[PDB]
Structures are given as C-alpha cells and as structure tokens.
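What follows is one structure encoded as structure tokens, with my remarks underneath.
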Ligand SMILES: CC(C)[C@@H](NC(=O)[C@H](CS)NC(=O)CCC[C@H](N)C(=O)O)C(=O)O
Ligand SMILES: [Fe+3]
C-alpha cells in the first residue's frame with residue numbers, strides 16, 4: 001500500500017504584483033508546504049507550458065544519432081572535454097532508457113569573464129543545426145528567461161515565508177551570472193522495457209531513478225501528466241500527483257543548509273512507468289560567488305553556527321556527488 005503526498009496548489013500570481021498582504025498569504029502557504037512534504041504546485045504562473053511541452057517533444061523525436069554524438073557531453077564523447085554540464089545525455093538501448101539535453105545561462109559566451117577564466121560549472125551552450133531544428137534554440141533560450149522570471153517571483157515568496165525582505169534570495173539570482181540549468185528529459189515507452197534500466201528499491205518499488213536530494217536553491221519542475229514521483233516521509237514513500245498545468249516546486253539542499261534544515265530538501269525518487277513522458281526541471285542556482293548567510297528561523301535570535309557556503313563550490317560538489325551516487329544520467 002502506498003499513500004499520496006499532500007501537495008497543495010498555490011496560486012503564486014500575487015508574487016508578481018504589489019499587493020503586499022496578498023504576497024504574505026502566498027508566503028504562508030509556501031511556508032506550510034515547505035514544512036510538510038516539501039512540495040507544492042505553483043499555479044497561475046503565467047508560463048505557456050503547452051508550448052514548452054510541444055517544442056520539447058518536437059526536439060526529442062526528431063534528433064538523430066549523428067546529432068546526439070555531435071552534442072554529447074564528455075561522459076559520452078571524449079572529444080568534448082569542456083562539456084561537463086551542457087549538451088546531450090544519450091540513452092543506451094537495452095541498458096539506459098532516459099535521455100536528455102541540458103543547457104545553461106545563454107549569457108555564458110566566449111565574452112563572459114567566467115568562461116575566459118575557465119571557472120568550473122560555467123560552459124557555453126551547444127545547440128543543434130538550426131535548419132534541422134527550426135526555432136528550437138530560440139524557444140529554449142526564451143523558456144530559460146520565462147522560467148527565470150517565475151523563479152524570481154517564487155524566491156520572493158520563500159524570502160517572505162522565512163521572515164525576510166522579499167529580495168533576500170532573488171538579489172543573488174541574476175541573468176549575468178546565474179548557474180541555473182534547464183534539462184529536457186525524455187522518458188520513453190519501450191516494449192520490451194529493458195530490466196537493466198529498472199532499479200528495485202529497498203521497499204520493492206521499481207524505479208527509474210533512486211532517491212536523491214536536489215542540488216539547487218529551489219527546483220522548478222514541469223512534467224507531462226504521468227504520475228511517477230515520490231517523496232520520502234517518516235511513514236514511507238508517498239506518491240506525488242501529476243499536474244501538467246502546474247510547476248512542482250521544492251527546496252534544494254542549499255536551502256536546507258542556509259535555513260539550518262528548517263526547510264529541508266525532500267528526498268525524492270522516480271517510479272518506473274512504461275510510458276512516453278517528459279520531465280523538464282529548472283534548477284534555480286545562484287552565482288558562482290554567491291554566499292547567503294545561514295540563519296535559524298527556530299531560534300529567537302535567528303542565529304546559526306553554520307558556515308556561509310559559496311554557491312559555486314556547493315554546486316560543483318553536489319553535481320559530482322549526485323553522479324557518483326545515482327550514476328551518470
Ligand atoms: C524530476 C527529476 C527526478 C528528474 N531528474 C533530474 O532532474 C536529474 C536527476 S536528480 N538531475 C540531475 O541529475 C542533476 C542535473 C544537473 C544538470 N545536468 C546541471 O549541470 O545543472 C527526472 O525526472 O528524472
Ligand atoms: Fe529530483
């Protein structure tokens with residue numbers, strides 16, 4: 001028997017406005033959700049998620065093996081030593097079902113001083129041929145900024161929820177240096193589905209991806225309408241209901257650190273489902289040198305002894321660890 005997680009739907013539209021009290025009522029809901037299962041669905045968010053899913057689908061179903069190699073990250077193509085994060089993540093028929101395409105801040109160009117300095121976790125995006133994928137780069141870049149704008153508003157809600165001024169997080173979330181990423185993930189329908197691509201949890205559940213905590217400040221996730229996600233609670237894993245009009249939001253482990261675990265990063269996993277579906281996370285990362293001073297909302301004086309963590313160092317450590325624990329995606 002598996003229970004269902006309480007994932008409230010929160011109308012986030014006041015966070016784009018100037019009704020301060022209405023923004024506090026949103027913040028209260030974010031607070032409650034963050035202290036309960038850790039998840040909520042952001043609704044009335046203003047993003048055209050039908051176009052997002054449509055363009056994503058066109059890309060996944062039309063890219064060829066030749067293009068995948070040409071775009072592949074270093075884990076699949078030794079020629080691409082600079083592509084640790086951005087690029088195509090190939091499936092392995094018979095062994096690995098999932099495939100995906102990751103891109104970063106469009107402002108990371110050869111002109112960018114972080115690229116000039118070769119700072120870790122910064123890369124220039126790679127893209128397919130425009131004539132073979134008309135409109136795809138423009139769509140993807142536009143979506144990055146559309147979801148950046150939503151995430152900025154959500155971060156105002158999280159700041160208010162923790163008793164802070166509304167820019168406490170968002171001031172560090174900037175288009176010129178954000179390390180945030182979009183991943184366009186395809187989960188395919190396969191018949192027969194390779195058992196090699198299915199993992200079995202301790203509790204016997206068949207999984208496509210084992211338990212993990214997000215490496216992010218927050219995670220802003222769109223998925224098609226196929227239930228798959230679960231969140232761990234003390235009483236076991238609970239199913240997260242699907243909603244292909246909303247964004248599923250949760251705090252990442254950077255948030256857990258800076259709030260002294262008041263807003264924990266939920267432990268989540270992906271059930272195996274033999275169904276064609278899409279999973280499109282936006283990982284809200286800050287700048288490489290962004291440092292948020294920890295605090296403890298449980299203490300009268302709000303004082304935490306936790307060390308201020310530079311975000312870039314945090315991101316580098318978290319992404320290599322996630323690969324080491326749950327395998328190369
Ligand atoms: C909804 C999630 C569980 C989704 N998985 C994911 O988002 C996966 C596994 S946790 N994410 C990652 O591994 C981290 C990707 C980070 C990205 N390459 C970058 O350099 O910024 C899924 O649907 O599999
Ligand atoms: Fe996740």
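All residue numbers here begin at 1 and follow the chain in the order shown.
Method of determination (from the header): X-ray crystallography, 1.7 Å.
In case you wondered, yes, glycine gets a Cβ from its N, Cα and C as well.
Copied over from Swiss-Prot, here are the features:
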- 85, 89, 181, 187, 279: isopenicillin N binding site (BINDING)
- 277: 2-oxoglutarate binding site (BINDING)
- 209: site 'Transition state stabilizer' (SITE)
### Query
From 89, 181, 277, which binding-site residues have a C-beta atom under 6 Å away from some atom of ligand 1?
181
### Query
What's the longest C-alpha separation between any two of 85, 89, 181, 187, 279, the listed isopenicillin N-binding residues, in angstrom?
19
### Query
Once the chains shown are all counted, how many other Cβ atoms turn up within 10 Å of the Cβ of residue 209 (site 'Transition state stabilizer')?
20
### Summary
Least Cβ-packed of the binding-site residues 89, 187 (other Cβ atoms within 10 Å) is 89
### Task
Pop the Cα-Cα gap between residue 209 (site 'Transition state stabilizer') and residue 181 (isopenicillin N binding site) into the table, whole Å please.
19
### Message
Helix, strand or coil for the residue listed as '2-oxoglutarate binding site'? Use DSSP.
### Response
strand
### Task
Calculate the distance in Å between the alpha carbons (Cα) of residue 89 (isopenicillin N binding site) and residue 209 (site 'Transition state stabilizer'), and round it to a whole number.
15
### Query
How big is the gap, in Å, between the Cα of residue 187 (isopenicillin N binding site) and that of the residue listed as '2-oxoglutarate binding site', rounded to a whole number?
5
### Query
What three-state secondary structure does DSSP assign to residue 187 (isopenicillin N binding site)?
strand
### Query
What Cα-Cα separation, expressed in whole Å, is found between residue 85 (isopenicillin N binding site) and residue 209 (site 'Transition state stabilizer')?
19
### Message
According to DSSP, does residue 85 (isopenicillin N binding site) sit in a helix, a strand, or coil?
### Response
coil
### Task
Name, in the order they occur in the sequence, the residues of the same chain whose CB lies under 8 A from the CB of residue 279 (isopenicillin N binding site) and which sit 6 or more residues away.
183, 185, 187, 221, 223, 224, 228, 270
### Summary
For residue 209 (site 'Transition state stabilizer') and the residue listed as '2-oxoglutarate binding site', the CA-to-CA distance in whole Å is 14
